[PDB]
Amino acid sequence: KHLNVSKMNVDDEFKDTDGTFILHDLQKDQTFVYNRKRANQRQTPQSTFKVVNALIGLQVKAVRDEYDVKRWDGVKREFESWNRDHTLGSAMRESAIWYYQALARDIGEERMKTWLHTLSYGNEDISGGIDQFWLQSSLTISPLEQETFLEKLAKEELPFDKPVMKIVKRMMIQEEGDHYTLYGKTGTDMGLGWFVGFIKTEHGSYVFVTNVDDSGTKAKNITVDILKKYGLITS
């Protein structure tokens, strides 16, 4: 009764949404892809880039750990959850862009470019500016390239320190149930939505990448519906 990802079908979940979905079974080494053409199209990563930003920032000690506090300046920004003191981990959870812009400025161009080159991270183009390049700007990456990177993060086959990789994966936890742990990060801009991450169950471990012509919230809802359908999200 164990999941064979090659027999999946997600047509129903995408009935009224243009998008792509990738699920990689880490232990069997098997992948399901819906809409391979779209999976190959590069797009701006938006806030899915926080995963990379956090890895590089911890690696070069621009931030100390998931609890490194940056005080809010008191400026009311677009979402109330941004208008508070944040840590590296809480700013990932709430997608507080201002925190990760300060982090990118501290990382700086040279270290950002060098470490981004180790990840095969799409076109690796940061010319849009040190604190702007992942936000509807120069950097683009395809869903397949996101999957390849996240698979290497899951396997810790990246040149980062191992504790750095474990901290960033922990910061991505969205739900810890009795029988599964869901990891993920959303991105959204101009009718393109991402939800990328991992799910660990009692019987397997998986990487997923979802990208849609809709919000990141929609991308996440589609992903959760698929993972529920195939019994990976239960309780």
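What you see of chain A is 30-216, 220-267, where the numbers are those given in Swiss-Prot.
So how was this one determined? The header says X-ray crystallography, 1.5 Å.
Keep in mind that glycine also has a Cβ here, set from the backbone N, Cα and C atoms.
The active site, acyl-ester intermediate annotation in Swiss-Prot covers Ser76. Marked as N6-carboxylysine by Swiss-Prot on the basis of similarity to another entry: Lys79. If you look up Swiss-Prot, you'll see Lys214, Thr215, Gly216 marked as substrate binding site.
When the Cα atoms are compared, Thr215 (substrate binding site) and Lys79 (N6-carboxylysine) turn out to be 9 Å apart. Taking the C-alpha positions, the distance from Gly216 (substrate binding site) to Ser76 (active site, acyl-ester intermediate) comes to 4 Å. Neighbour counts of Cβ atoms within 10 Å were compared across the recorded positions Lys79, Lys214; the minimum falls on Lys214.
The residue listed as 'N6-carboxylysine' sits 8 Å from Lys214 (substrate binding site), taking the Cα positions as reference.
Around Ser76 (active site, acyl-ester intermediate), taking its Cβ as the centre, 21 other Cβ atoms fall within 10 Å, counting all chains. There are 23 other Cβ atoms within 10 Å of the Cβ belonging to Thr215 (substrate binding site).
Taking the centroid of the Cβ atoms of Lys214, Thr215, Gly216 as the substrate site, the other same-chain residues with Cβ within 8 Å of it are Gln75, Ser76, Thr77, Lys79, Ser124, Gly213, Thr220, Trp226, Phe227, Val228, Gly248, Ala251. Separation of the C-alpha atoms of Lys214 (substrate binding site) and the residue listed as 'active site, acyl-ester intermediate': 7 Å, rounded to the nearest whole number.
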